[PDB]
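One structure below.
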Amino acid sequence: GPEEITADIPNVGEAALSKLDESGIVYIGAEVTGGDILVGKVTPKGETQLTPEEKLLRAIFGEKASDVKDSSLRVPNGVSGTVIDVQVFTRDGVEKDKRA
Amino acid sequence: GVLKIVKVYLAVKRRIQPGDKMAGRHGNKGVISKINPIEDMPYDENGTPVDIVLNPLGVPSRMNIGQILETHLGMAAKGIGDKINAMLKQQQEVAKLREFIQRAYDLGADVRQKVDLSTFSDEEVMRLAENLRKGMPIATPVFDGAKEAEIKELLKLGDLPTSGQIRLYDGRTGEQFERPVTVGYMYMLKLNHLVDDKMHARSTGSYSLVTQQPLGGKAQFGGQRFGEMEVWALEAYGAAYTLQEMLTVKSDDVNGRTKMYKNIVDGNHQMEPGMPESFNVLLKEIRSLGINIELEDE
Amino acid sequence: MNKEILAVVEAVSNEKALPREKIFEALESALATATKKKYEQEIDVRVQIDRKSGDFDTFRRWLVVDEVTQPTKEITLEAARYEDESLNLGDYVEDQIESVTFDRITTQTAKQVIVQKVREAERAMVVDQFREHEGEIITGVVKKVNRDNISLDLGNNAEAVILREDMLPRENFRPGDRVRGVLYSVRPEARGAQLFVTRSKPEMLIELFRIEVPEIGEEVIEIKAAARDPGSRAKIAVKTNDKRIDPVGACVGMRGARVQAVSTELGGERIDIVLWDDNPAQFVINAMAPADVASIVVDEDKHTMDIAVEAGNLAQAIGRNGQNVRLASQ
Amino acid sequence: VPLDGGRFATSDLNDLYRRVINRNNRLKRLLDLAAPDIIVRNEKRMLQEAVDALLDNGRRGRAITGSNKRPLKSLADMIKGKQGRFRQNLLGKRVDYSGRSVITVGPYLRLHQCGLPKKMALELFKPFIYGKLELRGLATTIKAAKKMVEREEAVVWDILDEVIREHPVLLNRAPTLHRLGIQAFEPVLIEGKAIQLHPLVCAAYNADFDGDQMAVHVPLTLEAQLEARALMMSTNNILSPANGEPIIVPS
Amino acid sequence: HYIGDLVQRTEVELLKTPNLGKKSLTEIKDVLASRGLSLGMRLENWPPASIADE
Amino acid sequence: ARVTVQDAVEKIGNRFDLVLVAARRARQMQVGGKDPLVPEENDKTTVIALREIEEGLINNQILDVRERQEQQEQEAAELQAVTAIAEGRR
Amino acid sequence: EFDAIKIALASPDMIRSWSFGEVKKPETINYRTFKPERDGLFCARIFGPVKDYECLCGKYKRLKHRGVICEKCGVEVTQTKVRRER
Amino acid sequence: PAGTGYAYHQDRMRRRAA
Amino acid sequence: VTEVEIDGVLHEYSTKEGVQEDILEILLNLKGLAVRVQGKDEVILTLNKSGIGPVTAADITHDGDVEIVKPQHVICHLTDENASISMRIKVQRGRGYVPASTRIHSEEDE
RNA sequence: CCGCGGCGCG
Ligand SMILES: [Mg+2]
Ligand SMILES: [Zn+2]
């Protein structure tokens, strides 16, 4: 399946998911420290089975995201400082976000 | 096979910090040891504190005499700008500056460089003088160095002692040293071998997958790599248990380290000898070639 | 309409086990709580959610009080005259109504909380089967290990727990053992409700007096007393109803059918039943079995009897820790 | 290895096994077809030489292509040479509970002591920290202690001083020459990222102050500390093991 | 007209007008969410005793 | 405090035996707590052993004789404990 | 846990006594469901489960599920560490 | 069997393996 | 001064139209700026000015006890006709030397 | 993560 950039990561605090915009990219000029999150990225976890939660809650919500594997990019330890720039390229024929 | 790339550029305003790598222009490589408050370093009779303290003992051993001459020029050079700073601060008339600067550029022997400020301007001359406040810049061709007598003559244009050393007072003591010391203005570089990104340590993290040892490199939390030379160095001592501990528990014995980790937090410090599976791995590789190898007993 | 709610209600292997509106009420309230948490203004939601035809809706409760309780959707007496003079402390009328929310972040909150609500529905079904008889003689097998107790990943749509004293101490409920007994207390345990198998209580060991002999539970064995230590031993007076025969052997079984077999699931205890008769002396002599009574006396003016006994082979007449005399006077 | 995008890289041995099993399958099919002897000789010879390459790369057949023009790593490669198994992984290991940095002078520092950055102490001795805080009862779980130490409460420094006050540490310079190439000391905490050192020891190390790096290792067991304090103390060694000359000359 | 005038009425007396809409009653919770109104606030007339800047 | 081990070395004429006996002694202090035999100055048991051995009242056989008398005492204590347990039923 | 080391040439019968099966397929891993193929260079009935105490069919996920081999997959119920030596 | 471990191994080959 | 709130900027490494210096030069210039104060202790400064020419501390709007020892000290330089510069300056009283890195201990308002 | 080469430092 296709990997996706999003402003949503499970099992993390809203403090981590606060520097991000709605499109999942940290604000320009936001101060950052070690261990923080840069861009929320999620990858298809693979169904591989169906549980009662996946039997019902997925059907009840209708949201077929549904349980997804996190691959978000985190600050490497030791380094800190301030973000100066965000540069993005998308492959031709693919949608683009607001910061682009 | 890729959708998008996100590039992030991040910046660090990193300052000096003791232990950094520092150097000049004559192979006088060095390292900053300690930063001390201003009053501690020696200061002249005029109150100005020196900035850099260097060891003279590197000079005769390495025959780097030229940096001493460069120091004498630097003291000589900054002397010119200061008086110019004194002249312009008290808003004197420009012709007083002119001849003084005219004294500077006609000094020395019959050098090919000839200038006449009277032909330049007035306001541009004033602007040059303002730009000249931080010491009058001098240059010398590579194999055409100015003679020592010329250096002394240029010092005579300034108001500093001919020999080029000054009596200094130490803030802790407050007394003159027994021997006068040469001071000046050195040009100092800076090196990318920063101490902070050299510094790295590793308590406990991931391990290899093919074998079960920690990795290397400051990135991804690598550990120090213990080489063979120092293994024989410990072997020169009676460091039996140290060597066994370090080569078994904290390197290979997966079950052993976990037990000790339980033991350490429990206040126990008893080592558990085990079986180096890296040897077992190698064993199986030897078994891979169709040659039987085995352990005789317990 | 969405009709996915209708499909979920007609899933229906786990949907029909609970009510058809169980998903439309409990899981809907969980989703409303997840949406309220996803909202910075934490509005209390009395979810008006129905799965009749697919119109998944909601409602925000007023939480009407004289204060700022649920301040995101609160009401007060400062609008009582604007609320038809019916605003006081206690009301939870619908202040607002939500419409829809995809809310992938609240989908993570759903995996945290609505999944816990699915587990809560599982717990509700678990409590409906752990003690469905409100106390009865049932069995139990241990499959999970827990400290300071005996866990059991067993049936009855739930788990089971055995106390260190409610079960056999020397043989706890563990891998390779089973228990049997009656426990009328089934409260909410960890990760949902759980059952209780305890083969050391009186309703487990002493209850074998009507389940061990071939005619014990058919009202053919007048078991006058059922006293037993927890998985240790027993010495009680069991007689035969309208038979006038020696029922000590009947309570002990024929050739070892109820002596070493009445407490097999209790921890392997060794017991010895007592005898009785139509006279008031033989019963008193045998109630402290093994007891040898060469004399008997009783006073009808006070609650004090004189069951004389020897001391040579009558160590159970007085007991080192009350093993036969304690179950004798009663 | 699960690289980016679900692509998988692996050792060359996998490719050798793949080609060997493929050629074996082709041969065992060719047994049933009963091909003429010219055909079967080619099959058996290329199978034999592929097995040969699996045992030893490139010595005859020049199987020099894994990545283009980069020879595939064989089983003979797995043991032979510096980057094999013995010299690469058995005599020399990688260890945790260790660090490295640049050196500097300590003039106030006594001979039987070494400088030490505080940050390495906090990072390194955390297993000792976890037990002692639990001993003090300030922490309750390993999770609690780990969370508490990572916010650097002011109370942790006293306990860290306690656990380090009577513990020895090892100093080793990477270009190891001789027995004095490793020493042991009783550390003192100094702010910074450098390491202070007693200058008289520096002559024994034959180490400059031009930016030389060196490493630290820490013993754990009781007997480890006892051996360290019995033998590798600087005070223990004041004569060269090579000859009866002292090694404490002011330089 | 003052923020202490709407807060001069307590959490009960501020119901002088029922002309406010249904959303306004929901918007009345924002005054409660302001932690200064709809809680029993009672100023002197405009300002309270703690609103003095003397 | 303690800086060197030369006194202990001149006491026990082997550097290697010194570390062994000290490790054993420190093992009985740290695990299975007993008392030290010398006033301490807020130091761990490792230094404490060096104080103890340098005072000339612990050596290898002193530990040996103390351990064997302790083990025979606890064996005797186990004997009376077992006899008392048997007599409890009697 | 030893006192001596012996080295010698091997016999094919005792070699297969080490062996727990023959590899027959050159396929390494199934795509889009990353599990090994039967009798491939990677395998579970030959070498072991990737997940600890979880058969490929996944009908045994329990500590007391010990040593049993499923009928759907000929895979033991044991931690993956045995794959280091099998 | 060189340093402090020699004392252990001296016991090792003496007690057993002899 | 301890911190600045230049309006038309996001971080000290970017620039703003109409200024012939970068923000770092601004920071160092105000670093070399000195003030006088008696009564208040956390005074706040600001400035609004347009036009082409030098920028000096005398251009700062004054206060009661807020004074400038050297009012002719240059701050920056403007070159564009319509390049209205604007900021507010936060000044603190203290002692000794303290780096900006150590302010990370706040961790709740910065 | 797996390795080849390069550069630099000591
Ligand atoms: Mg060097
Ligand atoms: Zn399976």
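In this analysis, Cβ positions are derived from the backbone assuming ideal geometry, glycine residues included, and neighbour counts consider all displayed protein chains. Every number here is computed from the coordinates shown, using simple stated rules; none is lab data.
Could you line up G:71, G:76 from fewest to most neighbouring Cβ atoms inside 10 Å?
G:71, G:76
To the nearest whole percent, what portion of all C-alpha pairs in the range B:117-206 is separated by more than 19 angstrom? Working shown, then result.
Values: 2858 of 4005 pairs.
Cα-Cα pairs in the range B:117-206 separated by more than 19 Å: 71 percent.
On a 0 to 90 degree scale, rounded to 10, what angle separates helix C:104-130 from the longest Cα axis of chain C?
On a 0 to 90 degree scale, this one is about 30.
Pull out a ≥ b ≥ c, the square roots of the eigenvalues of the alpha-carbon gyration tensor of chain I, then state rounded if a/c is under 1.5, prolate if not and a/b is larger than b/c, and oblate in the remaining case.
Values: a/c = 1.97, a/b = 1.25, b/c = 1.58.
Note, shape of chain I comes out oblate.
Quick check: pseudo-label points 7 Å beyond the Cα along Cα→Cβ at residue G:84 and residue E:3, how many nm apart are they?
It works out to 6.6 nm between the two label points.
Please express the Cα-Cα pair-distance distribution P(r) of the protein assembly as shown as a list of whole percents, one per 20 Å bin, running from 0 to the bin with the greatest distance.
6, 20, 29, 27, 13, 3, 1, 0
Under the definition of partner shielding as Cβ atoms of other protein chains within 10 Å of a residue Cβ, what is the mean value for peptide C:198-210? Mind showing how you got there, number by number?
Working: counts 0, 0, 0, 0, 0, 0, 0, 0, 0, 0, 0, 0, 0.
Shielding by partners across C:198-210 averages 0.
In deg cm²/dmol, rounded to 500, what helix-only [θ] at 222 nm does chain C give when every DSSP H run of at least 4 residues adds -39500 (n - 2.57) and the total is split over its residues? Walk me through the intermediate numbers first.
Working: 8 runs with 66 residues, N = 330.
The helix-only estimate for chain C comes to -5500 deg cm²/dmol at 222 nm.
Could you work out the mean count of beta carbons from other protein chains within 10 Å of each residue's beta carbon in A:8-20? Write down the numbers at each step before the final one.
Working: counts 6, 2, 7, 3, 1, 0, 2, 0, 0, 2, 0, 0, 0.
Counting Cβ atoms of other protein chains within 10 Å of each residue's Cβ and averaging gives 2.
What is the sum of charges, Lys and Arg at +1 and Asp and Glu at -1, for the other residues whose Cβ falls under 15 Å from the Cβ of residue C:197? Write out the running numbers ahead of the final one.
Values: positive: C:131, C:143, C:144, C:164, C:174, C:178, C:180, C:187, C:199, C:201; negative: C:132, C:136, C:153, C:159, C:165, C:166, C:171, C:177, C:189, C:203, C:207, C:265.
In short, -2.
Taking square-rooted eigenvalues a ≥ b ≥ c of the alpha carbon gyration tensor, is the range D:159-251 rounded, prolate or oblate, where a/c under 1.5 means rounded and, failing that, a/b exceeding b/c means prolate?
Since a/c reaches 1.5 but b/c is at least a/b, the shape of the range D:159-251 is classed as oblate.
Expressed as a whole number of Å, what is the distance separating the alpha-carbon centroids of the range D:1-79 and the range G:1-47?
Between the Cα centres of the range G:1-47 and the range D:1-79 lies a distance of 17 Å.
Shape verdict for the range A:1-94, please, from the Cα gyration tensor: rounded (a/c under 1.5), prolate (a/b greater than b/c) or oblate.
Working: a/c = 2.50, a/b = 1.81, b/c = 1.38.
Note, shape of the range A:1-94 comes out prolate.
Normalised by the empirical 2.2 N^0.38 Å for globular proteins, what value does the Cα Rg of chain B take? Could you put the intermediate results ahead of the total?
Details: Rg = 32.6 Å, N = 298, 2.2 N^0.38 = 19.2 Å.
Relative to the rule-of-thumb radius for its length, chain B sits at 1.70.
So if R0 is 51 Å, what FRET efficiency would residue I:16 and residue B:229 give, r being the distance between their Cβ atoms, rounded to the nearest 0.05?
On the way: r = 58 Å, r/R0 = 1.14.
E(calc), rounded to 0.05, equals 0.30.
What dipole magnitude, in Debye to the nearest 20, does the range B:38-155 give about its Cα centre under +1 on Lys/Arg Cβ and -1 on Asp/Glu Cβ? Don't skip to the end; give the middle numbers.
Working: 14 positive and 20 negative charges, 38 e Å.
Once rounded to the nearest 20, the dipole reads 180 debye.
In Å, what Rg and Dmax follow from the Cα atoms of chain E?
11.7, 41
Suppose each label sits 7 Å from its Cα in the direction of the beta carbon; what would the residue D:142-residue B:113 distance come out to in nanometres?
Placing both labels 7 Å beyond Cα along the Cβ direction yields 7.1 nm.
Under the rule of -39500 (n - 2.57) per DSSP H run of 4 or more residues, summed and divided by the residues of chain B, what mean residue ellipticity at 222 nm is obtained, to the nearest 500 deg cm²/dmol?
Working: 10 runs with 106 residues, N = 298.
Per the formula, -10500 deg cm²/dmol.
Amide H neighbours of residue D:113 under 5 Å, at least 5 residues apart or on other chains, H built in the peptide plane: list them.
Counting only residues 5 or more places away or on other chains, the set is D:186.
Take peptides F:11-19, F:75-83 and line them up by average Cβ neighbours within 10 Å, highest first, as a rough protection proxy.
On the way: F:11-19: 17.7, F:75-83: 10.0.
In descending order of packing, they fall as F:11-19, F:75-83.
Hey, what did chain B get for relative contact order, percent, Cα under 8 Å, at least 6 apart? Write down the numbers at each step before the final one.
Details: 271 pairs, mean separation 53.5, N = 298.
Computed value for chain B: 18 percent relative contact order.
With a point put 7 Å past each Cα toward its Cβ, work out how far residue F:74 is from residue D:34 in nm, to one decimal.
According to this spin-label approximation, the distance is 8.2 nm.
Restricting the count to DSSP beta bridges whose residues both fall in the protein assembly as shown, what percent are antiparallel, rounded to a multiple of 5?
On the way: 83 of 95 bridges.
Around 85 percent of the beta bridges assigned by DSSP in the protein assembly as shown are antiparallel ones.
So what's the net charge close to residue B:297: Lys and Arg +1, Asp and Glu -1, counting the other residues with Cβ under 14 Å from its Cβ? Let's see the in-between values first.
On the way: positive: G:6, H:12, H:16; negative: B:294, B:296, B:298, G:1, G:3.
Local net charge: -2.
Where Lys and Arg each count +1 and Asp and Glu each count -1, what net charge lies around residue G:22 among other residues with Cβ under 9 Å from its Cβ?
Values: positive: G:16, G:24; negative: G:39.
After counting each charged neighbour, the total is +1.
If you count, for each residue, the other Cβ atoms within 10 Å and average over each peptide, how do F:43-50, G:27-34 line up from highest to lowest?
On the way: F:43-50: 22.1, G:27-34: 12.1.
Highest mean packing first, the order is F:43-50, G:27-34.
At 20 °C and 1.002 mPa s, grab the translational diffusion coefficient of the range D:135-180 from Stokes-Einstein with a Kirkwood Rh over Cα pairs, rounded to a whole number in µm² per second. Provide the component values of the computation, followed by the final result.
Numbers: Rh = 13.5 Å.
It comes out at roughly 158 µm²/s.
What FRET efficiency, computed as 1/(1 + (r/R0)^6) with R0 = 35 Å and r the Cβ-Cβ distance, is obtained for residue F:40 and residue B:34, rounded to the nearest 0.05? Walk me through the numbers before you get to the answer.
On the way: r = 35 Å, r/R0 = 1.00.
The pair residue F:40/residue B:34 has a calculated efficiency of 0.50.
Bin width 5 Å, origin at 0, all Cα-Cα pairs of the range F:1-89: what percent of pairs per bin?
3, 13, 20, 21, 13, 9, 6, 6, 5, 3, 1, 1
How do B:288-295, I:99-106, D:211-218 rank on mean C-beta neighbours within 10 Å, highest first? Please report the intermediate quantities before stating the final value.
Values: B:288-295: 13.1, I:99-106: 9.4, D:211-218: 20.6.
Highest-to-lowest ranking by the protection proxy: D:211-218, B:288-295, I:99-106.
How crowded by other chains is B:244-256, given as the mean number of beta carbons from other chains within 10 Å of each beta carbon? Mind dumping the intermediate values first?
Numbers: counts 3, 6, 10, 5, 1, 5, 9, 6, 4, 0, 2, 1, 0.
Across the residues of B:244-256, the mean count of other-chain Cβ atoms within 10 Å is 4.
Along the positive direction of the dipole of the protein assembly as shown (beta-carbon charges: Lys, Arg +1; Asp, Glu -1; about the Cα centre), which of A:12, C:185, I:92 reaches farthest?
My answer, from the dipole projection, is A:12.
Past the 25 angstrom mark, what percentage of all C-alpha to C-alpha distances in chain D do you count? Walk me through the intermediate numbers first.
Working: 19982 of 31375 pairs.
I get 64 percent for the Cα pairs in chain D exceeding 25 Å.
Based on a Kirkwood Rh over C-alpha pairs, give the Stokes-Einstein translational diffusion coefficient of chain C at 37 °C and viscosity 0.692 mPa s in µm²/s.
Details: Rh = 24.9 Å.
Approximately 132 µm²/s, per Stokes-Einstein.
Calculate the FRET efficiency for residue C:220 and residue C:279 from the Cβ-Cβ distance with a Förster distance of 30 Å, rounded to the nearest 0.05.
Values: r = 22 Å, r/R0 = 0.73.
My answer for the efficiency is 0.85.
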